[PDB]
Amino acid sequence: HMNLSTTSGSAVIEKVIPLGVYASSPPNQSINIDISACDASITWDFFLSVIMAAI
Amino acid sequence: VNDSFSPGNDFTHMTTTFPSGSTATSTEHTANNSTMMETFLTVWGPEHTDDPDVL
Amino acid sequence: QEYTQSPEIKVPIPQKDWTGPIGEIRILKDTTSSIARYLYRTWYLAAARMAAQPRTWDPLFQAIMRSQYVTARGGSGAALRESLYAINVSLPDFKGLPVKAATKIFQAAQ
Amino acid sequence: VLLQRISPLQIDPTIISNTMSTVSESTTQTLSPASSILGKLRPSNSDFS
Amino acid sequence: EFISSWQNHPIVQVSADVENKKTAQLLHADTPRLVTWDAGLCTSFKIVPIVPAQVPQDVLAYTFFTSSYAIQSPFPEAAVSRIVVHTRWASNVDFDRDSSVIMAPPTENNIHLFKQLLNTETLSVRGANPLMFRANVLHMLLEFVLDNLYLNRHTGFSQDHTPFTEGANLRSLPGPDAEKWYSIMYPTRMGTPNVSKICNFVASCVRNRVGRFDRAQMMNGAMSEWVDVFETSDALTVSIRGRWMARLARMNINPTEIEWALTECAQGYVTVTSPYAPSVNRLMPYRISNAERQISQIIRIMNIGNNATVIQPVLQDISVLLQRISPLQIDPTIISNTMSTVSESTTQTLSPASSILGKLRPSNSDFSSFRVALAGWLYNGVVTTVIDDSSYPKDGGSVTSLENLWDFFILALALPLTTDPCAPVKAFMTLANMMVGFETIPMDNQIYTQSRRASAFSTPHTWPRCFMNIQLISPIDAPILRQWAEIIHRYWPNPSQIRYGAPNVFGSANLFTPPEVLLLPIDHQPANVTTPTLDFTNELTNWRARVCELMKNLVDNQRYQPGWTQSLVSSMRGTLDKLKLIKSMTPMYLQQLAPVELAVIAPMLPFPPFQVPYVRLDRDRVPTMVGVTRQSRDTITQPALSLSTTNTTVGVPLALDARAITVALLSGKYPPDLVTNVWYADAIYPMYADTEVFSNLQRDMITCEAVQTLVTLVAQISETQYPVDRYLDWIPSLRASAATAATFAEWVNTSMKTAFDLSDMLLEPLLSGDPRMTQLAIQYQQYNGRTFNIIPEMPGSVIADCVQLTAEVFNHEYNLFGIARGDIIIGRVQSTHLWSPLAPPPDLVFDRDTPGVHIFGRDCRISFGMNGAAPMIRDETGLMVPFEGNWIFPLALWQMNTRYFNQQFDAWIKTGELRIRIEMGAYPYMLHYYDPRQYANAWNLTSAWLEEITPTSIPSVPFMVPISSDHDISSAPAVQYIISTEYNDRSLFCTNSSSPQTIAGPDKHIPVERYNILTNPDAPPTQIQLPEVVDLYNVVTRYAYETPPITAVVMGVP
Amino acid sequence: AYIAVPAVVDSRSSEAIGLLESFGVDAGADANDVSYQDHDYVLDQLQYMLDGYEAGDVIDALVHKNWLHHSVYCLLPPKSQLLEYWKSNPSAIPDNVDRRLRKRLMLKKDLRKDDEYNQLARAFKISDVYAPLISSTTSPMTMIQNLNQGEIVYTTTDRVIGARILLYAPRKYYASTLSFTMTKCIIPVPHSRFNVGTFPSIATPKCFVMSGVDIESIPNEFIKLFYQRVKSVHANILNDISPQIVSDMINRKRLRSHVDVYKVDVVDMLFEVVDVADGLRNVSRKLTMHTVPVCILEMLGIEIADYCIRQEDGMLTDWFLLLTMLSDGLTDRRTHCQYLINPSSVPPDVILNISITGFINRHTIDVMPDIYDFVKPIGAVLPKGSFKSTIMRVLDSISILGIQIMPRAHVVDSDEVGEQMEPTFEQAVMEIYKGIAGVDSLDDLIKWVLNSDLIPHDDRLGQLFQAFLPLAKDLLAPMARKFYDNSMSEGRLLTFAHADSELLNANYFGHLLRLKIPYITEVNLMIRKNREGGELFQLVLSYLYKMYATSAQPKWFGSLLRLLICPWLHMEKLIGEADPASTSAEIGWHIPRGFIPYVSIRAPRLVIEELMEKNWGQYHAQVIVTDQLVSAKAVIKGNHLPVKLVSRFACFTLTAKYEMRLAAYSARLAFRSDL
């Protein structure tokens, strides 16, 4: 209810080709962001504490 | 850890890495990704940068 | 090599920003200088909106959620066996069953 | 800095937070004036140069 | 490097945080503990020895004194005795208030008692800032009263079997030891063998005032209702407990009234019984005033402001109660069964029955929304129920769409049950939005046009003119719209009212409505039978029929029919007929039974109903603002003149789902064989065994008491608009501000919470504003501009009255509390005389009117001497004078120039001829006793005091006093340096009490005036001499009342 | 006379243990005057009820229960099952049943298709035969009322409260849960003058509730809730009596097996700070110190008197320091706030003379930390300047049964890891002035970062933390990993740390604890001399450690000490004079051809003889033996030993040193040691 989330499997058909082609087509531009070691970064010190208390 | 290829390399490890076999991992990963991106776009960036084009 | 890393929090939340424990968890103040306020608010509002739903309380919905994690794959039920044996409770052995015991289905049956 | 050091006035943003008393004025409708004004003011910031 | 400053990290004693337990407080609140019993002595003053006696001695043989024979004595046997304040030093309580005030003998330091509130910057441990003495004393007196708030208990008696009394009845104290109490309680019982002072005092008293002398024996073989006794006590605590008992007695009620109130509240569905026989004087304080109820209601409304999450769970709880006690229940298959018989053709692409079923989707949980909608009727003042925006069509819809027609039908049925006053306009604009393009009507402006969403018409200003005046709608161009407008005007439900509650005991909390009255947005018609059957003579049924016939007319219109197949038209007409003739019991239930359930539920709700009048279609009377006030403006003193501009609006909208309400309205059924009286007698019986309302009454009483106490105390240190008397203006105080007032109010709040054992919020709703100008009022406004306001009357406060009485007594008995009054004089006196420094001879004292004195003030300048000349200081007249003579100094001058003044003046004070009068007003003192037969000097103590004076605190003033003697003694020189300007020696009790007389030193016999009852033979037994003198022997009344629970006396028939 | 106390009470266990004596009641000589009720089944019924309803209404209903009147629930099967049970053994049908139904039931013929029996079956209702029926919808208040009035309360559900439940039919017909704890067999007590129970009641004015234990400090959480709700609702109509009053009531006219070792009695001590600088006295402050065990108080004789808590040198005395460590903190009596003692003699707020006044709250607690589930090493997190050396000395100076609990060789400080590095961590972090811009020395770095009041500017500290985090993250962590690994391989030890973050990053294995002390620690850092980089540098380092530590509540330090000491002296009181051979035992890993000890046990003969028959051999390990003065190392493959194998009974050593009597093998441990 609060973001542009996507879900897909290993099948290529399940992806969203329109989004990629719209992003790549000029004069539109795209920036690729990837979180490195997201599982390691997610810890009690910041996240788990805040989210568990909030929930 | 029970490594068949190495006889005797059998032990137990204490780690803080978030589990990967759970039934939510990707789901809250997406949630926190979106939340933190929104936080940067709405608060942190405008109060750390001054370039008018960037603003 | 994969399970030995840890996050590097350059700017941590100040310690004078958490209340006394409730249960075992703590409450983060609303005057905190950290950006964690917005994440806290988002999760709080999402939880409240989730709780205020009739479908959430549908017993069939609860049954679906409970049957979701049950799967014919392994679930490390061994450690469960030693734990329950330590607390001395006894589980059915299901001797004579021509099925493997390393399944969450078998765990649920136990 | 000299005026800040010699003045008796103390700037405590907790007054606004106490007066508003709003983590979330409402959790049903998307618009909340008290939450909006608190978020715009950002009382937690402590730089008053 | 010895920084000594990092250790000075202050800790704030009051913290503020976001507050979500206001919901918990509103749902349930802690009950104050009012009834507490005491079985000990009713005294707060005790006599302590200061200097031991002189036994044995070389003059009088040891066979004279009674201490040699080990005879117990009422008063201490010592050379010096003084009175000290110690609250509850002899008592046996069942609950502990924890507001005790203990002092030490004057030969010890008591400075810590006067540095409790605002001395957070005083570095020293033996000094205090003299500018908060008034605040500290006020807090101390409040603690005194709060600690002394108790009740006396009648324990038991025994007859005297010795000839010391004429067979009197003596009380027995419950405790580990009793020999000491039996001698302390009755001074007159002791024998008098010798001519000592104590024996003389005892022999000078009457013999027939001791023990019990009056009883109330109302039954045989049962405890006496009350007794009156002569025993050691003090008038201050006696009076305080008397006022407390009177306050509770004004609240006492009897079981018959409770029975009547419960029956009238239960509306005859529940019966309860009470006994009819002589009884044992129970104490059940539960009756308070309408003013207190209204004040508590206003405070609760102030707490719940603009925040939906604080009020929603209350509605949820009410819905749960309604579900538990209501007979109406959902029918599972009524709609499907009635719609499974409409004739249709299978070759059509549209099915009205399938479409309507898909749009409806009935569910059992849909009744929760219906019940919360019902519950919302009692709180339209603060909560406005609306239809959620998601129920409306996404783009406004079109009349060519069967789905949009069903959306219109659902919204039309759901809207008239909400409390939103713009519901008729929204209902009209829904059809207007759907029929845009097909039919046109004239709007007002280009903003709120016919294409605007129907949910945006939410204020009275937005009502279109064509809605109010039907003649503007063209009968030819917009026939359907004109018909719909006429139907809305002549078929909208009519509000009504009902009666509820039993205000004889519970009072009334209504604000903008007459007491005992609930308003309802629909008409109420009482049922006349207990076996109901289906009935269609209801306004809601008429509404449904009119909506169905309007849709039929729309379908049969000749500009719409040619676009449809004949089969579809027939199917739609059949579906509309079936919907019109469906057999639903909900409209009849809402007319005949729901108001009764609401009325029987209302009196036992934690949050009493808060309502404003319902208006049907009268726009001029629509409420537009509800506000409360808690402060005042610049110089405005009358609340009626500042309520208009010193108020904050309250109110919040809550959204509901139209589909659930429509499903509930369409599918309702009763049990197969229902008898209403039996059903309700069964259902209501368990609910009427609770006492939470009885607890809430006490909570409200305590709240009002706290508010009045707060304002009364704040008026003493600030300037307020209420009349009040002052008694502690001679005690120095600073120039207070808003922060000072807030801190003082916080301390008072904490003290009272601790005293009454409360953990939740109290006075914190009022602590968010400047407490120097407080007031309480509420108002609301209509569209046409008229305002109606309520200003509750303020009831009295027994606690505030007792605090003021304590201040009056303190104004004469300040010495007993460790405080001295006046100013001090510093100068060298050397002599062998034995006068006390606390009662100096008059010739030593000089004042402003004494000729020759020099008065110093703000502008002091010191000019050094040169070549043998003497240094000089500038007087206020303008002359420069040397360092000799009599000077008058305000304290602040020395305080601000401590080191310089010490260095320039100490030598001349010690050895020269300089005498200085320091003006102080009030100060704590210390005593040091010295033997009169040896040399003694006080320069060390005086110099220490002078040198530890600092610009932000002072230490206790030390005095050097001789010791009284009962035989001849030689004399030795003594050097004094500090004296007081007036008599400050009221703490003495007796000197050489075991000896026949006092030959040398200060002399003081036992004060007869403090024992007026025993020493004046022709005085009434119940005479007190407050506030000038506090008596130490009085008449005490002790009770034995019972405090049973409600259910122990009032029993309901199962 | 019913008296309610804030603890669970049972007929036999509360009689065996001195419950009233534990609360402080004087002895009653003969015990025929008092009788104890049992409320454990009531408590589990309360939990079951809470599973369905809300807490408040259930508590309010249970308040109105009369415990002096007997009654029981009778559970009936479902309607159909009742019909078959009546069809069998037809003597069970009551007279209230319809004549036609009774005659048809005697048909002794297959009645499925008679349809007259069938229409009667739809017509039948259980409420017709039995008037009082709970029917699983009845309110708890109505349940309590029907239980109070009458003797048999019929029910069709098991979610009830207040009394024992008896079956009406054989178990075959009932398809419900097998709650045999409350449900007895299908086929089938006077009160003394004083009856002691747990739950207070207001049914009759002869009921009493015992005060003297603060409602905050109630150990059992359900009882805490019940007492809170009762006191908050019915405050004005409760009879409160002191333990002294209870003792007087008990002794008015007359006066004129296996025992658990992990239960201790604690008290709250009241005292006042007094300045006696001159011959006069000056009372400065009123303090209350919480949760002080009574046995240590009796050992180190403390009475109501005046004491000095400083030695000639100027430091706190050992007994006072130990008492403060054992306690759970100090609170100011006037302002209800936590109080932190100043360790130094710097004039502001120095405590030198104290005066004891009395003890008020007395109750029994359990020293079991409740997380010590498996026997594992212990790692405690304690900040800098916490008298670590003094605590180590005091602990090493303790030996009760010739056991010498906590040898200094079995503990490791928080500084060995730093010292192992060739450039040790302290002088390693003393070059942050090179990295930071504008600062040329450690001295002016300290001057820059700290204020004139010795308080760190947040912005400057954050920059310094930015510089500090890498070094603490990439140098200390691997060395710490290696150190904890080889320490675990060598044996079980107690490990002190400055922050839990370093242990978490080093992947420490074992139980982890956060502890704090009621003192201003930084004052010690400022006052003590012999600093490597200076007292100011140590202060800044402590600030860095506190920032590095994560967000979690540090428990009070006395929680560990109670478990560490109290059971040993309690067991000494019992088996002080017993034969050591019979009362001593030991467990360890055995190798065939050797026995390397693991845990040392002290217990009575009975406890030892049941511990004899345990299958320790279910656990396995690998042992490597080296040749020093003789050294061995052990690695456990599998799970660890559950603590309750040793059980609540018997006292065991918490730390071990793998050292054979002064090659690789696979070992299975055994209970080799014995009489």
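Residue numbers (the authors' numbering), protein chains in the order written: chain A, 552 to 606; chain B, 663 to 717; chain C, 387 to 496; chain D, 541 to 589; chain E, 222 to 1275; chain F, 2 to 189, 197 to 264, 288 to 624, 638 to 673, 681 to 713, 723 to 735. Beta carbons are placed, not taken as given, at the ideal position from N, Cα and C, and that holds for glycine.
- Under the three-state reduction of DSSP output, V651 (chain F) falls in the helix class.
- A residue is called buried when at least 16 other Cβ atoms come within 10 angstroms of its Cβ; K110 (chain F) does not meet this threshold and is exposed.
- The stretch 715–722 of chain E makes contact with the stretch 811–824 of chain E; the number of CB pairs closer than 8 Å reaches 3 or more.
- Taking C-beta atoms as the reference points, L729 (chain F) and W599 (chain F) fail to come closer than 8 Å.
- Contact annotation, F1110 (chain E) with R1079 (chain E): C-beta distance approximately 12 Å; criterion of less than 8 Å not satisfied.
- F702 (chain B) counts as exposed, since fewer than 16 other C-beta atoms from the protein chains shown sit within 10 angstroms of its C-beta.
- Of all residues in the stretch 687–701 of chain B, only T687, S688, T689, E690, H691, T692, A693, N694, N695, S696, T697, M699, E700 place a beta-carbon less than 9 Å from a beta-carbon of chain A.
- Taking C-alpha positions only, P408 (chain E) is separated from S386 (chain F) by approximately 34 Å.
- Each residue's CA atom was taken as its position, placing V541 (chain D) and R491 (chain F) some 17 Å apart.
- Neighbours of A472 (chain C) in chain F, taken as residues at a C-beta separation under 7 Å, are given in chain order as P693.
- Just so you know, the alpha carbons of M523 (chain E) and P827 (chain E) end up roughly 16 Å apart.
- Counting along the chain, the unbroken beta strand (DSSP E) around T322 (chain F) starts and ends at 313–324.
- In terms of Cβ geometry, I145 (chain F) and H40 (chain F) do not form a close pair [threshold 8 Å].
- Burial state of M806 (chain E) is buried, judged by a 10 Å Cβ sphere holding 16 or more other Cβ atoms.
- By the CB criterion at 8 Å, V694 (chain F) and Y293 (chain F) fall outside the cutoff.
- Looking at the backbone, the Cα of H394 (chain F) and that of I419 (chain E) are separated by about 48 Å.
- Check the Cα spacing between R467 (chain C) and each of C:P478, C:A458, C:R423: the tightest is with C:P478.
- Put simply, the stretch 791–810 of chain E touches the stretch 552–562 of chain E. At least three CB pairs are less than 8 Å apart.
- For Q48 (chain F), same chain residues with a beta-carbon under 8 Å away, outside a window of 5 residues either side, are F230 in chain order.
- At a beta-carbon threshold of 8 Å, none of the residues of chain F lie near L1167 (chain E); the nearest stands roughly 17 Å away.
- Looking at E:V459, E:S792, E:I1267, the one whose alpha-carbon comes closest to that of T567 (chain E) is E:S792.
- When DSSP reads this structure, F266 (chain E) sits in a beta bridge with E:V306.
- In this structure, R165 (chain F) lies near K185 (chain F), with their beta-carbon atoms less than 8 Å apart.
- A distance of 8 Å or more separates the beta carbons of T1243 (chain E) and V1257 (chain E).
- Near chain D, meaning a CB-to-CB distance below 8 Å, the residues of the stretch 409–438 of chain C are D416, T417, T418, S419, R423, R427, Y430, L431, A434, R435, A438.
- Around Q666 (chain F), the same chain offers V686, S726 as residues with beta carbons nearer than 6 Å, after the five sequence neighbours per side are excluded.
- In this chain, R1007 (chain E) is not harboured by any beta strand (DSSP E), its DSSP state being neither H nor E.
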